[PDB]
Each structure stands twice: as C-alpha cells, then as structure tokens.
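Quick notes on the structure that follows.
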Amino acid sequence: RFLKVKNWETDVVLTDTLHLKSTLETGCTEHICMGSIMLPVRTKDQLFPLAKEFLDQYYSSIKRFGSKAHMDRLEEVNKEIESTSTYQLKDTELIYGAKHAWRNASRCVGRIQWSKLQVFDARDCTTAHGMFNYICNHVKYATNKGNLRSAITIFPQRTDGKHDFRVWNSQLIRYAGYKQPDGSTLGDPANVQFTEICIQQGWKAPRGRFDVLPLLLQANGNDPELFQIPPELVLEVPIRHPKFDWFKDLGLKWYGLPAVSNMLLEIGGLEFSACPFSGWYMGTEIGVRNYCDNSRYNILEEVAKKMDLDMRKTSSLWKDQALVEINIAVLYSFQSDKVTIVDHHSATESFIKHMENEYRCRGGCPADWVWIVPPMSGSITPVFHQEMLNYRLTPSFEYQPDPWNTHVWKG
Amino acid sequence: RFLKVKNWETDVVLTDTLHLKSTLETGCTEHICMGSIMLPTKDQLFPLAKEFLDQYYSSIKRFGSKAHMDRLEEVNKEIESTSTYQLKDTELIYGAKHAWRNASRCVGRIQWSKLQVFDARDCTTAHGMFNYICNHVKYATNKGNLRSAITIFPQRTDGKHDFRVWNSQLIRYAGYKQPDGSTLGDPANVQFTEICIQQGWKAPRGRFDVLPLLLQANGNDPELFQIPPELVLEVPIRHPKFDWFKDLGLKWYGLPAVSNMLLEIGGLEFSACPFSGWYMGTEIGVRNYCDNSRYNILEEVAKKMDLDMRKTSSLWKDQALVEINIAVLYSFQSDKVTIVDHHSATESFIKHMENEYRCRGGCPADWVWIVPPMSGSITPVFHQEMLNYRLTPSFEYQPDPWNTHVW
Ligand code: HEM
Ligand code: HEM
Ligand SMILES: Cc1cc(N)nc(CCc2cncc(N3CCN(C)CC3)c2)c1
Ligand SMILES: Cc1cc(N)nc(CCc2cncc(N3CCN(C)CC3)c2)c1
Ligand SMILES: C[C@H](O)[C@H](O)[C@H]1CNc2nc(N)[nH]c(=O)c2N1
Ligand SMILES: C[C@H](O)[C@H](O)[C@H]1CNc2nc(N)[nH]c(=O)c2N1
Ligand SMILES: [Zn+2]
C-alpha cells in the first residue's frame with residue numbers, strides 16, 4: 001500500500017511505504033481517533049520472532065542480509081533463547097538498537113540528530129552505587145561544559161520482571177516541588193509526589209525553589225537507594241532578559257541537560273527498563289511549558305505585571321506577550337552562557353528536512369503532529385502545515401508504569 | 001469500549017459513552033493514525049432516515065410514540081414511492097443544529113443551539129439563491145452584532161441537479177498571479193478568481209477586492225452576482241499602540257461564512273448550505289495575515305517594529321505575531337464587530353465539552369484543529385485529551401464544483 005502526505009504550505013507530497021513495517025498498535029480504530037491521548041516477563045514463544053525481526057533489520061542495515069554471519073547469529077540467538085529463555089545483544093546490535101529507537105520516536109522533533117548518539121553500555125552494572133557512577137559519567141559526558149552531546153546509558157535488561165533496574169526519577173536532573181499547608185507549592189509542582197518519596201527515603205530537603213532532586217536508583221529489583229549528583233556536574237543557567245533588567249530579579253534559572261530516565265527501551269523483544277537518555281533543550285520546553293504551564297512554575301502573571309501589560313481583559317493578549325518575552329529570555333540566557341539550545345523555528349525547520357530525507361531514503365518518518373508542533377506560535381513553524389502519519393516501529397522507547405506503584409518492597 | 005479523557009492541567013477525567021453511536025470512519029487504523037491529515041439507493045436511504053428520526057423523536061421525549069412510528073412509516077412509504085423524502089421544518093432545524101453540534105473541528109460549538117436556520121428549499125434559480133444569500137448576510141451581520149445562521153438550499157436528487165455555491169466562503173478577497181511573479185491580494189483564491197474571470201467578472205485587480213458570488217442552481221450552469229457592498233461589513237486594522245500600523249492598508253471582513261460544505265441529515269444531502277458565525281481573532285491575524293501562503297505580512301510588520309530579524313532565536317516572528325493579533329482584536333472591538341480571542345473561545349469550549357459529556361455522554365473533538373495556531377499550551381484545550389469520531393447529522397467536505405461540473 002501507498003500513503004501520501006501533503007504539506008499545505010508548499011504543496012509538497014510525500015509517499016509513505018515504511019508504515020507497512022509497522023507492528024504495535026496506535027490506539028486508534030476506524031471509528032475513533034486517539035491522536036490526542038497522552039498514554040493509550042515475556043515468553044520464548046513471542047521472543048524469537050521479535051529477535052529475528054530485529055536481526056533481519058540489523059543485518060540489512062549493515063548490508064549483510066542472508067549472510068553466514070546473519071544466519072549464524074540467528075541460530076545462536078535461537079538456542080540461547082531455548083536454553084536460557086532470553087538472549088544477549090552484541091554491542092553493535094545494542095548501539096544500532098538505541099539509535100533506531102530514537103529514530104523511531106514519533107513524538108521527537110529533534111530526530112535529525114539520531115545517528116549521533118553516544119551509547120554507554122552499562123549492562124555489567126549490578127548495584128545502585130554502580131548505577132550512580134554510570135549516571136554521573138553520562139551527565140559529565142553529555143554536559144561537556146555546555147557544548148551538549150546526546151547520550152544514552154543502558155542498564156541490564158529485564159529478566160523475570162522481579163529484578164528490574166529502574167531510575168525512579170522521571171528525569172536525571174529536575175527540581176523538587178513542595179506542597180505547603182496553605183495549598184501553595186514551592187518549586188516545581190510537577191515533582192511534588194516524587195519529592196515526597198525522596199524525603200520519605202531519607203532525603204534532607206533544603207526546601208528552596210530550585211533544589212536539584214537526588215537520584216533514586218533501583219538495581220536488580222532491590223529497594224531504591226538515594227544519591228546526590230555532585231553539584232559541580234549540574235550545569236545551570238541563570239535566566240535574564242536582553243532588554244528587561246528586572247527579569248533577573250524574578251530569580252529564575254534552569255538546568256542545561258534534559259535527560260529522560262523513566263522510559264523503557266525495547267530492542268528485539270528485550271526490555272531495558274533503565275535507559276536514561278539526554279539531548280539538549282528546545283527553548284519552549286523551558287520557557288513555555290516549564291515556566292508558564294498553570295500546573296508548573298506559572299510565572300505569566302508576575303512577568304505580565306512587571307511589563308505593565310493590560311491584564312484586565314484576555315483580549316489584550318497580555319499572556320501571549322509575556323510568553324514571548326520569557327521565551328526570548330531563556331534563549332538569550334543559554335546562548336549568552338554558551339549552553340546548547342535550539343529555538344522552535346530552527347528545530348522545526350530541521351525536522352522538516354529530516355522528515356523529507358527519511359521519506360526519500362527510508363520510505364517514511366512516523367510523526368506525532370500533536371507533540372511535534374511547538375506549544376507557542378504553532379502555525380508560523382513549518383511543521384504545523386505538514387501532514388504526518390503516526391505509527392509504531394521497533395526498536396522503540398515506551399512508557400512504563402511508575403516504579404513506586406509496582407515495586408514489591410524488600411524492606 | 002467506554003472511554004476516558006483526562007485533562008492534564010486540572011486532572012478532571014470524563015467518560016465518553018457517545019462514540020458508540022458513531023458510524024462513519026476516521027481514516028485511522030490499528031496500525032496508523034491519520035489525525036493530522038486534512039482530508040481523510042433506497043436500501044441505503046431508509047436506515048439513515050430511521051437512525052435520524054429515532055434520535056429526533058428521542059430528543060423531543062417521544063421515542064416509541066405513535067407520532068414516531070407514524071413518521072417512520074410515512075418516510076418509508078415516501079422513499080419506497082419517491083426514492084427520497086422531504087424533512088419536516090422541525091427536523092431540518094434539529095438536523096442543522098446537530099450538524100454543528102457534531103462538528104469535531106469547531107471550537108465555537110457552545111453556541112450550537114442558538115443557530116438561525118433559513119429554509120431555502122423553495123429556491124429554483126441562481127437569482128433566487130443570490131436573494132437568499134443577501135438576506136443571510138444582512139441577518140447574520142446585523143450591523144456588527146453577529147448572529148449565527150445557515151441557509152439551506154434544495155437537497156441533492158440525482159447528483160445532476162445540484163445546488164452549489166462555488167465560493168469557499170460567501171465573503172473573501174480575490175487573488176491575482178502577477179507578471180512580477182508575486183501575488184496580489186489573497187493567494188488562496190487565485191484559482192477561483194480565474195474561474196470568475198473566465199465566467200465574466202470584471203476584476204478591479206486590487207488587494208482586497210470582495211469576490212463575486214458564483215451560484216449554481218438545479219445542476220445548471222453557475223452565474224455571477226455581486227454582493228451589495230453595503231452588506232459586506234469590513235474592518236480597517238489598526239494597533240492601539242503602533243501609530244504606523246494603519247499605513248499597512250490592512251482590512252478584513254467581519255463575517256466568516258463557509259459556503260462549500262455538504263450538510264448530511266437523515267441520509268439526505270444538502271450540497272448548498274452556507275453557514276456563518278463570528279471570527280476567533282487568530283483566524284485573521286495568525287492564519288490569514290501571517291501564513292506564508294496567505295497575506296504573509298510578518299516581515300513588513302517586524303521591519304516597522306525594527307526587530308532583529310537576523311537570527312530566528314530573537315523570536316521576532318513571535319513578537320510581530322502577537323502584535324498583529326492584538327491589532328485585529330483591537331480593531332474589531334473598536335468598531336463593535338463581534339469577535340472572540342483564542343483564550344475566551346477555548347475556555348468556552350472546555351465548559352461546552354464538560355456540559356456535553358454530562359448531558360450527552362460525549363463531545364467529539366479534533367485536537368489538531370481545536371488548539372489555536374498560536375500560544376497553544378497557554379490555552380486550556382492544549383492540556384485536554386479529546387476523542388475524535390464522526391456523528392451524523394454532519395458537515396462534510398465535497399469536491400470543488402468545477403472538477404465535477406458537466407458544463
Ligand atoms: C538532541 C536534542 C533533542 C531535542 C531538541 C529534542 C526535542 C524533543 C521535544 C521538544 C520533545 C517533546 C517533549 C515535550 O516537549 O514535552 C521530545 C520528545 C521525545 N524525545 Fe527528543 N529531543 C532531543 C534528543 C533526544 C534523544 C537523544 C532521544 C533518545 C535517545 C530522544 C527521544 C525522545 C523521545 C522518546 C520523546 C517522546 C517523549 C514522550 O513520549 O513523552 N530525544 N524531544
Ligand atoms: C459563532 C462562532 C463560531 C466560532 C468562534 C467558530 C470557530 C471555528 C474555528 C476557529 C474553526 C477552525 C477552522 C479554521 O481554522 O479554518 C471552526 C471550524 C468549523 N466550524 Fe465553527 N465557528 C463558529 C460558528 C460556526 C457555525 C454557526 C457553524 C455551523 C452551523 C460552524 C461549523 C464549523 C465546521 C463544520 C468547522 C470545520 C470546518 C472545516 O473542517 O474546514 N461554526 N470553527
Ligand atoms: C532527550 C530529550 C531532549 C529534549 N529536548 N526534550 C525531551 C523531552 C522532555 C520531557 C519533559 N517532560 C516530560 C517528558 N515525558 C517523558 C516521558 N515521561 C514518561 C512522560 C513525560 C519529556 C527529551
Ligand atoms: C462559521 C465559521 C466561523 C468561524 N469563526 N470560522 C469558520 C471556519 C473558517 C474557515 C477558514 N478556512 C477554511 C475553512 N474550511 C471551510 C471548508 N473548506 C472545504 C475547508 C476549509 C474554514 C467557520
Ligand atoms: C492532551 C494533549 O495530548 C497533551 O496536552 C499533549 C499535547 N502535546 C504535547 N506536546 C509536547 N511536546 N509535550 C506534551 O506534553 C504535550 N502534551
Ligand atoms: C497538516 C495540518 O493538519 C493542517 O495544517 C491543519 C492543522 N490544524 C488546523 N487547525 C485549524 N483550525 N485550521 C487549519 O486550517 C488547520 N490546518
Ligand atoms: Zn488516529
């Protein structure tokens with residue numbers, strides 16, 4: 001089958017053939033689209049076809065499909081599976097896997113960079129202390145004094161689901177949130193639940209507005225242990241505005257390194273439940289979402305006051321005006337401090353080029369329009385006018401439940 | 001089978017029981033979502049009529065009543081006999097309001113029950129259509145206090161006697177492909193403008209020429225008519241702060257009136273059913289003015305603001321975009337023409353959505369279209385999960401008449 005996508009700004013039409021290699025489900029049906037829904041221990045039975053599907057793809061990619069090496073590897077994996085009920089990936093396969101999981105991430109606008117990913121193999125890790133060390137090394141490497149480098153660290157795969165490695169933090173670096181008895185929130189409201197756990201686990205909270213959370217690290221299905229990332233490894237950027245001098249006095253800063261740590265990495269049917277990965281920020285993540293979401297730092301009001309906008313009626317677009325200025329300040333600050341960041345105009349333009357390239361050389365590029373379009377100024381970016389097809393390819397990054405909801409406590 | 005939608009800003013969860021009454025298809029499959037794609041006989045007819053009559057009689061609390069059965073019978077006899085059937089005035093109005101109610105891409109549906117329906121099924125000629133359309137324009141415009149309206153022309157018979165409004169909106173500005181290679185007026189309307197010229201229109205080759213109506217009656221050849229200028233309410237665009245903004249020479253019309261869709265009710269097809277409400281400000285200032293393939297004025301405005309247009313990271317585009325939309329809202333409000341900003345409108349949609357879930361079991365919604373084209377995440381709709389599905393009565397897309405016209 002052929003599927004066409006049109007860009008309504010340029011009339012450029014592209015033809016998808018890659019969707020035929022789609023596997024997993026979308027959530028949608030012929031009667032309902034679930035396009036805007038955030039979120040819609042394996043047998044050897046299901047395991048070898050998934051292993052084989054993956055190895056066929058790997059060996060095609062290296063132009064060795066049907067080779068003796070290809071055939072031997074299949075044979076080798078088949079037996080390891082029937083002997084031991086699972087199998088081990090070669091380093092090459094692991095690196096290929098992780099790069100492709102990112103390449104396949106339909107919600108990621110930054111995918112033009114997918115082939116440049118530093119893969120850290122942490123499959124020899126056995127304890128939370130070992131995890132802490134690997135994660136420190138990842139943070140130092142990825143930060144690179146502000147010249148950020150994409151990286152992923154891969155801890156041992158799931159076995160029986162009873163010995164999972166998990167990073168309990170949703171991101172490696174994030175600020176605490178503290179709910180006050182008066183109902184107000186100190187710090188990042190997003191992180192109140194996790195902060196409470198940390199405190200419960202023994203963390204001494206400074207109770208400031210921008211406290212870097214400790215790492216809560218779980219190895220081999222044991223109870224998680226707390227660790228503090230050395231502060232010297234945590235690069236932060238004081239936020240100021242190039243024209244408004246009062247902006248610095250808001251007392252805002254943000255960390256440089258966005259590093260997702262709660263997702264599951266699936267490769268050839270194997271499940272890596274601890275796989276922190278990091279790139280660099282697109283400005284709107286901080287300036288639009290982190291600062292201006294009503295459920296986050298929520299600073300539109302205070303910024304708007306200081307700008308003396310007309311705040312009596314929404315039709316003054318005071319919220320819109322303040323939002324822009326804040327996003328200007330975020331970009332200005334990172335650039336001024338030589339910390340890697342990308343504006344939404346740049347990142348969406350690059351994505352369109354990436355996407356067209358992927359259609360030509362790959363037969364498609366699965367993309368989630370809902371996530372790809374930036375949270376401000378949507379239609380003045382080229383992705384808004386771009387039809388996209390969303391489908392699931394493996395290897396992939398998947399959501400998994402939060403560990404505190406599933407963990408069987410040892411005590 | 002019962003579905004939940006969550007609002008990630010408020011944690012409010014709603015349960016959709018209404019999608020189970022959807023019949024038409026989304027374009028999506030288990031393997032591929034097409035949520036962002038813009039365009040995804042007597043035996044056929046009676047169950048469609050029945051489905052509709054059933055929901056109609058349910059609405060007036062007379063389900064399984066004698067009148068219900070009688071009507072069902074009557075319509076059945078009539079299809080058996082005539083191969084179609086005619087809607088009672090009450091059913092036409094109910095159906096039109098519900099077509100709007102079911103429009104999953106429409107953010108303004110909180111107004112759905114307050115829609116003035118003009119029955120033009122007695123129309124036979126294009127001159128008759130022109131008269132009805134002028135009356136609609138005048139009624140809906142109402143000196144600037146806009147009132148939603150729809151005018152419904154005769155239903156399709158054999159597809160060779162179609163009534164069609166060839167225009168996409170009752171009121172739009174012409175577009176001309178220049179020898180300078182650029183484009184004068186609205187680039188969106190080049191093709192239509194040419195057809196107007198090929199059909200006789202004398203273009204005043206300006207930048208904001210209100211297009212003539214091109215009207216097709218009973219499947220016959222389409223005719224040109226010019227809307228009385230005094231019925232077309234336009235608004236000069238000025239900025240409350242920037243004195244220079246007026247020099248751009250920008251204006252827009254007050255009445256958004258979609259004229260190219262198909263109204264399906266009880267299996268019957270109304271190929272000519274122009275409808276109108278009032279603008280949300282972003283439709284003009286974000287899309288009509290700042291879209292690259294439209295008036296595309298971002299650069300001119302940014303220059304007049306003397307912004308650093310060297311690097312994209314200065315967000316000069318974003319700044320001009322906000323100001324432009326400020327001016328649009330300011331101009332309309334200053335001239336007392338009804339308009340709604342994207343904050344007010346989305347806030348209304350959330351309340352409508354909650355009303356609908358509570359009193360109907362759901363509200364089909366297309367997030368890709370409901371979220372405004374600027375400042376998306378600072379509006380409540382961004383954080384709102386929506387389920388998209390197709391209910392009837394409905395407004396459907398249909399082919400442009402000129403690809404299908406047997407001249
Ligand atoms: C290089 C710079 C990168 C940029 C600028 C970038 C940008 C983004 C943005 C803006 C999002 C949407 C999340 C949100 O806005 O809330 C996203 C999502 C995502 N990114 Fe990237 N990204 C980058 C690197 C990476 C890397 C290295 C990986 C993995 C190896 C990755 C994998 C993903 C995945 C799996 C999602 C989906 C998250 C979810 O489903 O919640 N990205 N990215
Ligand atoms: C009264 C105030 C109204 C407002 C503020 C409003 C707002 C909107 C907006 C912003 C859109 C997105 C379309 C675009 O951006 O091009 C839309 C779509 C739509 N509206 Fe409403 N509208 C109103 C009245 C109506 C009425 C009276 C009807 C029908 C009786 C209607 C039917 C539709 C339909 C069918 C669509 C989808 C059109 C398409 O798919 O191209 N609207 N509306
Ligand atoms: C590697 C990377 C780079 C970047 N610029 N942004 C991101 C996404 C940031 C992000 C922020 N908040 C939330 C999420 N997701 C992650 C997955 N999590 C389970 C849900 C929320 C992701 C990731
Ligand atoms: C009644 C009404 C009110 C309003 N504020 N906006 C609209 C939609 C405006 C609009 C602009 N451009 C295009 C479309 N649609 C019309 C149907 N057309 C076939 C596709 C594009 C609609 C309609
Ligand atoms: C309900 C809706 O899907 C939800 O708010 C989505 C919308 N698009 C998004 N896009 C990005 N990049 N990140 C997000 O968290 C979301 N949230
Ligand atoms: C490709 C994409 O679906 C297309 O640009 C859509 C996106 N959302 C939209 N939303 C509205 N309200 N109006 C539009 O024209 C569009 N265009
Ligand atoms: Zn879908």
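Ligands are numbered from 1 in the order shown, chains are lettered A, B, ... in the order of the structure tokens, and residues start at 1 in each chain.
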Please identify every residue of chain A that has at least one atom no more than 6 Å from any atom of chain B, counting only C-alpha atoms, and report them as a ChimeraX atom specification.
-> /A:9,25-26,28-37,295,315,343,375-379,387-391
Neighbours of range 55-71 of chain B within 9 Å (only C-alpha atoms; same-chain residues fewer than 6 positions away dropped), as a ChimeraX atom specification?
-> /B:91,94-95
Near-residue 356 in chain B list (12 Å; only C-alpha atoms; drop same-chain fewer than 3 positions) as JSON, numbers by chain | {"B": [14, 15, 16, 17, 18, 101, 102, 109, 110, 112, 349, 350, 351, 352, 353, 359, 360, 361, 362, 363, 364, 365]}
For those residues, write C-alpha atoms to a file as a CSV table (one decimal), in the first residue's frame.
chain,number,residue,atom,x,y,z
B,14,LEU,CA,-14.5,12.5,31.7
B,15,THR,CA,-16.1,9.3,30.4
B,16,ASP,CA,-17.2,9.1,26.8
B,17,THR,CA,-20.3,6.9,26.2
B,18,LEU,CA,-21.2,8.7,22.9
B,101,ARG,CA,-23.1,20.2,17.4
B,102,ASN,CA,-21.2,17.3,15.8
B,109,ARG,CA,-19.9,24.8,19.5
B,110,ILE,CA,-21.0,26.2,22.8
B,112,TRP,CA,-24.7,25.3,18.7
B,349,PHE,CA,-15.1,25.1,24.6
B,350,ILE,CA,-13.9,23.4,27.8
B,351,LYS,CA,-17.1,24.3,29.5
B,352,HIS,CA,-19.1,23.2,26.5
B,353,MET,CA,-17.2,19.9,26.5
B,359,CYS,CA,-25.7,15.9,29.3
B,360,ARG,CA,-24.9,13.7,26.2
B,361,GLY,CA,-22.2,11.3,27.2
B,362,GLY,CA,-19.5,12.9,25.0
B,363,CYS,CA,-18.3,15.5,22.6
B,364,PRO,CA,-16.3,14.5,19.5
B,365,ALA,CA,-13.3,16.8,19.1
Select from range 321-406 of chain A everything DSSP, run on the backbone, classes as strand (DSSP E or B), then give the selection as a ChimeraX atom specification.
-> /A:341-342,386,390,396-398
Write to file, as an mmCIF file, in the first residue's frame, the residues of the selection just made, with C-alpha atoms.
data_model
loop_
_atom_site.group_PDB
_atom_site.id
_atom_site.type_symbol
_atom_site.label_atom_id
_atom_site.label_comp_id
_atom_site.auth_asym_id
_atom_site.auth_seq_id
_atom_site.Cartn_x
_atom_site.Cartn_y
_atom_site.Cartn_z
ATOM 1 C CA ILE A 341 19.830 25.231 22.985
ATOM 2 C CA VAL A 342 17.614 25.439 19.913
ATOM 3 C CA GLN A 386 2.699 19.281 7.441
ATOM 4 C CA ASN A 390 1.767 8.249 13.196
ATOM 5 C CA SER A 396 11.255 1.903 20.396
ATOM 6 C CA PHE A 397 11.001 3.911 23.579
ATOM 7 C CA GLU A 398 7.901 3.002 25.573
#
Of the residues B:271, B:296, B:259, B:104, which is the one nearest to residue 121 in chain B, using only C-alpha atoms?
->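 Using only C-alpha atoms, the shortest distance to residue 121 in chain B belongs to B:271.
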Shell of 8 Å around residue 223 in chain B, only C-alpha atoms, local chain residues under 6 positions omitted, as JSON, numbers by chain = {"B": [126, 199, 213, 214, 215, 216]}
